[PDB]
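**Q** Provided herewith is a single structure, encoded as C-alpha cells, for subsequent inquiry.
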Amino acid sequence: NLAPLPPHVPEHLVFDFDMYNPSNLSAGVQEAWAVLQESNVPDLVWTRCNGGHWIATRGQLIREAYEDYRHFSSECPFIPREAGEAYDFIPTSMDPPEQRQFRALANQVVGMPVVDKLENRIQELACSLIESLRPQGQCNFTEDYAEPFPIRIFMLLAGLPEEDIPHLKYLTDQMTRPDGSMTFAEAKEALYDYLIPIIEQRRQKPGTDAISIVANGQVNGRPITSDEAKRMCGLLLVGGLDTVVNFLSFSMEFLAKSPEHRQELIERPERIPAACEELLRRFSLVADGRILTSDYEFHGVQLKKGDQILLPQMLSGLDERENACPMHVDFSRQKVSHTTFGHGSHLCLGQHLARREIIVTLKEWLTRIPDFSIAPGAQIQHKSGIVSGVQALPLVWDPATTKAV
Ligand code: HEM
Ligand SMILES: c1ccc(-n2ccnc2)cc1
C-alpha cells in the first residue's frame, strides 16, 4: 500500500521504505534499515508507505533536524499520522520552552540520583535471575531475562503490581510494533484507562513511588493536572517496558555469536563501559520523527508545512561518515558516535537507568555464564517499528562451564 505522491515531491527522491516491514529484515533489523545508506539513496528521501513521509538517512541531517525544533516540531512525532496525532505523551509531544518544565519533573523520577539509589536492587535482581538460569543450560533470553529484568525494576520504581505486566506490555508493544489487532488510539486509551485510577489514588494518598511524585509535582509554579500526569506516566511506562528490553536481546544475540567479544570483556573488565557504548551504537533501535511547522527548504529539498519526516535515531551511528566500518563491533573505537538516546532538547532522561542495567547484565552474565551460544537450528527474528525488537532468543550452554557466585 503505496500512497500517491504529493506534488512537491521530486520522483528522484522517492524510496519506498516500510519502517514497519523493511525488506532485508531476515539479515537483521539494523541491516534492514542501513539499506537507506547505500550509495543509490539520496540523503533525504520520501516513502509512499505508511502514508508518505520523508526520511533523513544521515547522521548530519538527523542531528540538524533534532536541533531545529522551530522547524521540526514534536507535536506529531510518530508515523503514521493517526499515530503521531493520537499520541500526546509529555514531554515528548512538546517543544521548548513548554517542554523544559515537564522535563525537569521527569528527571526527578528517572535521573541519576534515582539510579544511584536503585543500584543494589538492580545488581540484586540481575544476579538472582542469572543464578536461577545458570544450571539449566538453556533459556529464552527474551522472556527469561530481557523482559523481567528491566520490567521488574520499573514496576518497583513506579510502585505497580507485577501482575500487571502481561497486560501493560501488550499495550506498550501495540504502540511501537503495531500488530494490527488494535490502533494507536485504542491502545493509547487502554493504557490510559489503567493509569487514571492509579493517579487519582496517588494525588489523594501519595507514596514515594514514581507515579506519586509525578502526580503531585510542580510545573511552572502551579500543580500538574491529572491529565498532564497521565500523559507523562504514559511515557514512563513505554520507556520502562519497551526499551532496555529490546536492547538487551540484540546485545545478547551479538554476544552469543562472538566468543572473542565475550573474552575481551572477561579479561579486560575496564572495557565494559566502552563496550556498552559501542553496542548502543551498533544495536541502536529507536526511530521517530517530527512534523514541519511550515514550508522550509532543508538541504536543497522543499518540505511543506504538515509533512512528517522520520529521523531514525538508529541510523546516525551506522552511517559511515560518522563511524568507519559501522556494522563492525570494535570495543576499542577512538570515537563512538551515535544518537541512540536522541539528540537535541528531547535527549533521553532514562539513559542512566538504561546504561546501569546494561553494564550490570554484561558484567553479571559473563561472570557466571562465560560460554554460551544460540540454540542449534534457532532462527532469530527481528521486528521493526518505532522501537525494534527480537522475537525470541533461544540460548544453550553447558552448565559444567558456568560459575556459581
Ligand atoms: C536502551 C534504552 C533506551 C533508548 C534507546 C531510549 C531512547 C530514547 C529516545 C531516542 C528519546 C527521544 C525521542 C524523541 O526525541 O522523540 C527518548 C526520550 C525519553 N526517554 Fe528514553 N530510551 C531508552 C530508555 C528509557 C528508559 C528506561 C526511560 C525511563 C523509564 C526512558 C525515558 C525517556 C523519557 C522520559 C524521554 C523524554 C525526554 C524529553 O522529551 O525531554 N527512556 N528515549
Ligand atoms: C517512541 C516510543 C518510546 C520512546 N521512549 C520512551 C522512553 N524512551 C524512549 C520514544 C519514542
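As shown in the C-alpha cells, the chain order sets the letters A, B, ...; within each chain, residues go from 1, and ligands are also counted from 1 in the order they appear.
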Write as a tab-separated table (two decimals) with N, CA and C atoms, in the first residue's frame the residues around ligand 1, taking 7 Å as the cut-off and counting only C-alpha atoms and all ligand atoms.
**A**
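Output (out-v2.tsv):
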```tsv
chain	number	residue	atom	x	y	z
A	74	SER	N	7.76	18.51	17.62
A	74	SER	CA	7.49	17.19	18.24
A	74	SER	C	6.00	16.93	18.37
A	77	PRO	N	4.99	13.20	16.35
A	77	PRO	CA	6.28	12.54	16.36
A	77	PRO	C	6.33	11.12	15.92
A	90	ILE	N	3.93	13.37	27.35
A	90	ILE	CA	4.73	14.55	27.76
A	90	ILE	C	6.02	13.94	28.31
A	91	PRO	N	7.18	14.53	28.10
A	91	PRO	CA	7.41	15.81	27.38
A	91	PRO	C	7.69	15.64	25.88
A	92	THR	N	7.48	14.45	25.38
A	92	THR	CA	7.77	14.07	24.00
A	92	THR	C	6.94	14.80	22.96
A	99	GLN	N	8.24	22.32	26.95
A	99	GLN	CA	8.94	21.04	27.25
A	99	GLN	C	9.74	21.05	28.55
A	103	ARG	N	10.02	18.34	31.65
A	103	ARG	CA	11.28	17.62	31.52
A	103	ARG	C	11.92	17.50	32.91
A	106	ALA	N	10.29	14.91	35.15
A	106	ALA	CA	10.51	13.53	34.69
A	106	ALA	C	11.87	13.04	35.17
A	110	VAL	N	13.50	9.60	37.16
A	110	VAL	CA	14.38	8.70	36.45
A	110	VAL	C	15.85	9.05	36.45
A	154	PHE	N	11.34	-1.58	36.87
A	154	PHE	CA	10.49	-0.41	36.60
A	154	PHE	C	9.29	-0.44	37.57
A	235	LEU	N	4.35	7.93	29.08
A	235	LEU	CA	5.70	7.84	28.53
A	235	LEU	C	6.61	6.92	29.31
A	236	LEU	N	6.59	7.16	30.66
A	236	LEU	CA	7.47	6.36	31.56
A	236	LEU	C	7.22	4.87	31.37
A	237	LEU	N	5.99	4.50	31.21
A	237	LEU	CA	5.56	3.13	31.03
A	237	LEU	C	6.21	2.43	29.83
A	239	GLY	N	8.89	3.58	28.22
A	239	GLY	CA	10.32	3.63	28.49
A	239	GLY	C	10.77	2.46	29.34
A	240	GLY	N	10.03	2.16	30.42
A	240	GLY	CA	10.30	1.06	31.30
A	240	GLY	C	10.06	-0.29	30.61
A	243	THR	N	12.04	-0.53	26.06
A	243	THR	CA	13.35	-0.09	25.61
A	243	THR	C	14.55	-0.95	25.86
A	244	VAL	N	14.99	-1.03	27.09
A	244	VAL	CA	16.09	-1.82	27.60
A	244	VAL	C	15.80	-3.28	27.30
A	247	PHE	N	16.80	-3.74	23.66
A	247	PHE	CA	18.26	-3.58	23.57
A	247	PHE	C	19.05	-4.77	23.93
A	284	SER	N	21.46	0.07	18.05
A	284	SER	CA	20.54	1.21	18.26
A	284	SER	C	19.18	0.73	17.69
A	285	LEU	N	18.06	1.28	18.22
A	285	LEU	CA	16.79	0.67	17.89
A	285	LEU	C	15.55	1.52	17.87
A	286	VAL	N	15.73	2.82	18.04
A	286	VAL	CA	14.62	3.77	18.05
A	286	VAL	C	14.51	4.51	16.70
A	288	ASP	N	11.95	7.64	15.57
A	288	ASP	CA	10.79	8.54	15.45
A	288	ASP	C	11.08	9.73	14.58
A	289	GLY	N	10.18	10.71	14.66
A	289	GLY	CA	10.21	11.86	13.70
A	289	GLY	C	9.61	13.06	14.29
A	313	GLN	N	16.88	7.61	14.89
A	313	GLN	CA	17.99	7.71	15.85
A	313	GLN	C	19.02	6.64	15.64
A	340	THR	N	21.72	7.28	19.87
A	340	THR	CA	20.82	6.20	20.34
A	340	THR	C	19.76	6.69	21.34
A	341	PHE	N	20.17	7.70	22.13
A	341	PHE	CA	19.26	8.24	23.18
A	341	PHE	C	18.67	9.56	22.70
A	342	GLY	N	18.79	9.78	21.36
A	342	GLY	CA	18.24	11.01	20.82
A	342	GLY	C	19.26	12.12	20.84
A	343	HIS	N	18.72	13.28	20.44
A	343	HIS	CA	19.56	14.44	20.21
A	343	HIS	C	18.68	15.63	20.36
A	345	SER	N	16.79	18.80	22.29
A	345	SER	CA	16.16	19.01	23.67
A	345	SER	C	15.54	17.78	24.23
A	346	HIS	N	15.26	16.77	23.41
A	346	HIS	CA	14.49	15.60	23.83
A	346	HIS	C	15.38	14.47	24.26
A	347	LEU	N	16.59	14.74	24.55
A	347	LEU	CA	17.57	13.71	24.95
A	347	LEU	C	16.99	12.93	26.14
A	348	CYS	N	17.02	11.64	26.04
A	348	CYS	CA	16.66	10.62	26.91
A	348	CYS	C	17.18	10.74	28.37
A	349	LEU	N	16.14	10.97	29.22
A	349	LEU	CA	16.30	11.13	30.66
A	349	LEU	C	16.61	9.76	31.29
A	350	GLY	N	16.14	8.67	30.70
A	350	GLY	CA	16.32	7.36	31.28
A	350	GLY	C	17.64	6.69	30.89
A	351	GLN	N	18.49	7.44	30.19
A	351	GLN	CA	19.74	6.86	29.64
A	351	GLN	C	20.59	6.28	30.76
A	353	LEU	N	19.62	5.02	33.77
A	353	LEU	CA	18.99	3.77	34.17
A	353	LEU	C	19.39	2.70	33.13
A	354	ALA	N	19.17	3.07	31.86
A	354	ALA	CA	19.50	2.06	30.77
A	354	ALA	C	20.92	1.64	30.81
```
**Q** Got a sec: who's within 9 Å of residue 83 in chain A, counting only C-alpha atoms, leaving out chain neighbours fewer than 5 positions off, as a ChimeraX atom specification?
**A** /A:76-78,175,183-185
**Q** Pick the closest to ligand 2 from A:357, A:173, A:131, A:147: which is it, counting only C-alpha atoms and all ligand atoms?
**A**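 Using only C-alpha atoms and all ligand atoms, the shortest distance to ligand 2 belongs to A:173.
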**Q** When you draw a straight line from CA of residue 134 in chain A to CA of residue 329 in chain A, how long is it in Å?
**A** 26.6 Å
**Q** Using only C-alpha atoms and all ligand atoms, find the one residue out of A:321, A:403, A:304, A:352 that sits nearest to ligand 2.
**A**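 Using only C-alpha atoms and all ligand atoms, the shortest distance to ligand 2 belongs to A:352.
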**Q** Out of range 22-123 of chain A, which residues get strand (DSSP E) from DSSP, as a ChimeraX atom specification?
**A** /A:44-47,53-56,72-73
**Q** Can I get the selection written as a PDB file, in the first residue's frame, with C-alpha atoms?
**A**
```
ATOM      1  CA  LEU A  44      16.675  12.747   2.245  1.00  0.00           C
ATOM      2  CA  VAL A  45      14.050  10.532   0.613  1.00  0.00           C
ATOM      3  CA  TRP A  46      10.268  10.284   0.517  1.00  0.00           C
ATOM      4  CA  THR A  47       8.464   6.966   1.092  1.00  0.00           C
ATOM      5  CA  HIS A  53       6.630  10.859   4.823  1.00  0.00           C
ATOM      6  CA  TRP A  54      10.292  11.894   4.493  1.00  0.00           C
ATOM      7  CA  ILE A  55      13.258  10.025   5.969  1.00  0.00           C
ATOM      8  CA  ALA A  56      16.603  11.687   6.746  1.00  0.00           C
ATOM      9  CA  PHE A  72      10.801  20.228  13.131  1.00  0.00           C
ATOM     10  CA  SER A  73       8.100  20.035  15.799  1.00  0.00           C
TER      11      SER A  73
END
```
**Q** Skipping near chain neighbours, those fewer than 2 positions away, what residues fall within 9 Å of range 23-26 of chain A using only C-alpha atoms, listed as JSON, numbers by chain?
**A** {"A": [17, 18, 21, 28, 29, 30, 31, 32, 33, 35, 380, 381, 382, 383, 384]}
**Q** If you count only C-alpha atoms, which residues fall within 9 Å of residue 43 in chain A, apart from same-chain ones fewer than 4 positions away, as a list in words?
**A**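 Returned residues: residues 13, 36, 37, 55, 56, 57, 58, 61 and 299 of chain A.
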**Q** Please run DSSP on the backbone and report, as a ChimeraX atom specification, all residues within range 93-234 of chain A that come out as helix (DSSP H, G or I).
**A** /A:98-110,112-136,141-146,148-158,162-176,184-204,210-215,226-234
**Q** For the atom pair CA of residue 305 in chain A and CA of residue 96 in chain A, what is the interatomic distance in Å to one decimal place?
**A** 19.1 Å
